[PDB]
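Single-structure report; data block below.
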Amino acid sequence: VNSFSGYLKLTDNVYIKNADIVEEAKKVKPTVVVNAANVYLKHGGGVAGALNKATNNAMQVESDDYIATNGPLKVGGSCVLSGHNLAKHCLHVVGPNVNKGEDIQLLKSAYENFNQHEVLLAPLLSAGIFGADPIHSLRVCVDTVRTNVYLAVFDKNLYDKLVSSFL
Ligand SMILES: OC[C@H](O)[C@H]1CCCN1c1ncnc2[nH]ccc12
Ligand SMILES: [Cl-]
């Protein structure tokens, strides 16, 4: 039993809700919140910009030190950093950005990072300003993640389209 509330159950391990991931993290304080990161951990917009803003830019300061030490992530890769005031940890995961011409096949590799964590609050990878089809992202999530994932979806038309179309 966990403290996530109001989610629709899609499968044995995947749950979905129309929600703002920032406000959800602040309420639940999950062990792991997933960020929709880029390889430079430059948290400008989308989920990343919103999470970072909620940390008063502490996420960005920590991220800049991470990059200075380790260099950029790989597309499809991840790193674990602090969750600041939002969660114990933040798993920064890089899905392919179709608006950069990156390979959508890397979306499965990106979701594989979730399997290293028993429970996660997450967005749909490569959706929104990353330019992939969210219905596709949900399908890859369900077919790749085996740990317990609570998916937040900010928009309502999306969310309703994702639910109604789920196979
Ligand atoms: O709503 C659309 C999608 O879900 C993803 C892609 C674009 C933003 N977005 C978010 N999901 C969840 N929480 C969020 N907070 C702020 C943004 C956000
Ligand atoms: Cl985004």
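Here, A, B, ... name the chains of the structure tokens in the order displayed, residue numbers run from 1 inside each chain, and ligands are numbered from 1 in the same displayed order.
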Worksheet item: Neighbours of region 142-158 of chain A within 6 Å (only C-alpha atoms; same-chain residues fewer than 3 positions away dropped), as a VMD selection string?
Response: chain A and resid 13 to 21 115 118 to 123 139 161 to 162
Fill in: Test item: residues at most 10 Å from residue 62 (chain A), only C-alpha atoms, excluding those fewer than 3 positions along its chain, as an MDAnalysis selection string
chainID A and resid 41 57:59 65:67 81:82 84
Serialized selection, C-alpha atoms, as a compact mmCIF listing (two decimals), in the first residue's frame:
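Result file is again-v8.txt:
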# COMPACT_ATOMS: atom_id res chain seq x y z
CA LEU A 41 20.32 18.63 -17.63
CA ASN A 57 16.49 26.47 -9.05
CA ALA A 58 18.28 24.10 -6.64
CA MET A 59 17.76 21.26 -9.14
CA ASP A 65 27.75 20.45 -10.92
CA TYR A 66 26.80 16.92 -12.09
CA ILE A 67 27.51 17.84 -15.73
CA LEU A 81 20.09 13.14 -8.14
CA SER A 82 18.35 14.76 -5.19
CA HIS A 84 15.00 18.44 -3.20
Practice prompt. Quick one: everything within 7 Å of residue 97 (chain A), counting only C-alpha atoms, minus sequence neighbours fewer than 2 positions away in the same chain. Send it as a VMD selection string.
Written response: chain A and resid 95 99 to 102 126 130 to 131
Practice prompt. Using backbone DSSP assignments, extract all helix (DSSP H, G or I) residues from region 19-154 of chain A; output them as number ranges by chain.
Written response: A: 21-28, 46-54, 58-70, 98-100, 106-116, 128-130, 134-144
Discussion item. At a cut-off of 7 Å and counting only C-alpha atoms and all ligand atoms, what residues surround ligand 2? Please answer as a ChimeraX atom specification.
Written reply: /A:36,45-48,127-130
Practice prompt. Any chance you could list, as a ChimeraX atom specification, the residues in region 48-99 of chain A that come up strand (DSSP E) when DSSP is run on the backbone?
Written response: /A:78-82,89-93
